[PDB]
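Heads up, the sequence shown is in the deposited numbering, so the first residue is 45 and it goes up one at a time. Ideal Cβ placement from N, Cα and C applies to all residues, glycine included. The structure appears right after this line, and notes come after that.
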Amino acid sequence: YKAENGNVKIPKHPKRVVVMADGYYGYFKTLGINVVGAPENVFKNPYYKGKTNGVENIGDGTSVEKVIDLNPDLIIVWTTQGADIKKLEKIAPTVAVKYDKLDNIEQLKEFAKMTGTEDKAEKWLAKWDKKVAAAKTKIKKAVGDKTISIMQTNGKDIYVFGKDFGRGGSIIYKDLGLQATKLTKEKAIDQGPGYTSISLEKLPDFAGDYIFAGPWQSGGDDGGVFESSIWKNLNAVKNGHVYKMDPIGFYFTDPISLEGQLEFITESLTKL
């Protein structure tokens, strides 16, 4: 059908897709499309491997040779993935998808039109819109109108995320309608491209009543922030309103990964 990389007619009702874009794997596994290969991370996501990977192979997303051997019938990859968009076309209809062009929820609706299973898609949106109801209440009835901030650490820099950049932020601020610090909203939501880099200095400005902290990438030095003097000085840390966050798990935004995401947020704010 139509695409950012020229209209390259796709076979309706495929049966062998190679999701080159890790992020979009959970979207196909949910819709029903049979995937035949996905990059590294896909198997490293808890929400994924944790319970899904019947017949899919690996490959970081470069070896243009491993892609053929899987004899796909559809090659769906990010526009800026990194692999030559022309070469992959030499294997099977290759549909390039612009990163963040679409939404997060709407992005699954597209992958439903592109294929031909809207009935399996609309079936999910029902379950989602439903879980949210429960959660939105249970939460508000257990946290009132406090301030919840999502932030990750990278060296000496900290990224206090808002509503537009992943990390459950779509869940926290949109799907849950929870409020953040007047500053997190002022620079990470009502402005920023989704996040706001900071330092150990600018922290008691963002740190809300509850924190969803966690490292930037799995395996490595936390930077010394979570082990700093100002971080443990905060009020949110004291009361015990800090919940680590698995980066590999919180990096996706597909359906399967969101359910686990929101679910984590829920118990992390309803326990006594």
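Pair within 7 Å by beta-carbon distance, residue i and residue j
| i | j | result |
| --- | --- | --- |
| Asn148 | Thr297 | yes |
| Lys95 | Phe87 | no |
| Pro116 | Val62 | yes |
| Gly252 | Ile183 | no |
| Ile54 | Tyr45 | yes |
| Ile112 | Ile135 | yes |
| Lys180 | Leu220 | yes |
| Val286 | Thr197 | no |
| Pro137 | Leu118 | yes |
| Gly212 | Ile309 | yes |
| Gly70 | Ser301 | yes |
Cβ neighbour criterion (16 or more within 10 Å) applied to residue i
| i | result |
| --- | --- |
| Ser262 | exposed |
| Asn279 | exposed |
| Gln305 | buried |
| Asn85 | buried |
| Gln235 | exposed |
| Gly199 | exposed |
| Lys226 | exposed |
| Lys207 | buried |
| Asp66 | buried |
| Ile215 | buried |
| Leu316 | exposed |
| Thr106 | exposed |
| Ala232 | buried |
| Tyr143 | exposed |
| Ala170 | exposed |
| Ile77 | buried |
| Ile274 | exposed |
| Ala178 | exposed |
Beta-ladder partner(s) of residue i, from DSSP
| i | result |
| --- | --- |
| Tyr254 | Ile192 |
| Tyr203 | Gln196, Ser241 |
| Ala140 | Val121 |
| residue 319 | The requested residue 319 is not part of the displayed model; the chain covers only 45 to 316. |
| residue 44 | Limits of the chain in this structure are 45 at one end and 316 at the other, which puts residue 44 out of reach. |
| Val286 | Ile255 |
Candidates the options: closest to residue i by CA position
| i | options | result |
| --- | --- | --- |
| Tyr254 | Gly284, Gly267, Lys246 | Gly284 |
| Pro237 | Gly258, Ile194, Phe209 | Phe209 |
| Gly160 | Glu307, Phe270, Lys56, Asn49 | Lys56 |
| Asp104 | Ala82, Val139, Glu307 | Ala82 |
| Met195 | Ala156, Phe250, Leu222 | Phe250 |
| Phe256 | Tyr217, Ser243, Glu230 | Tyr217 |
| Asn97 | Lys73, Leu114, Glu109 | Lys73 |
| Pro291 | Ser272, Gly264, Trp275, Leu313 | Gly264 |
| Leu313 | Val141, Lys231, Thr106, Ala186 | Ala186 |
| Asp201 | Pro259, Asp144, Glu230, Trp168 | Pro259 |
| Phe205 | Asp266, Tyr71, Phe294, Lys59 | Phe294 |
| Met158 | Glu230, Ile309, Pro58, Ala224 | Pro58 |
| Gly267 | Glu311, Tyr203, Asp163 | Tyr203 |
| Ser243 | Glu311, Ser272, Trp172, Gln125 | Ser272 |
Expected contact under 8 Å - CB spacing of residue i and residue j to nearest Å
| i | j | result |
| --- | --- | --- |
| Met64 | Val121 | 3 Å |
| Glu48 | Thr123 | 6 Å |
| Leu75 | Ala156 | 6 Å |
| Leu152 | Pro299 | 6 Å |
| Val139 | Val52 | 6 Å |
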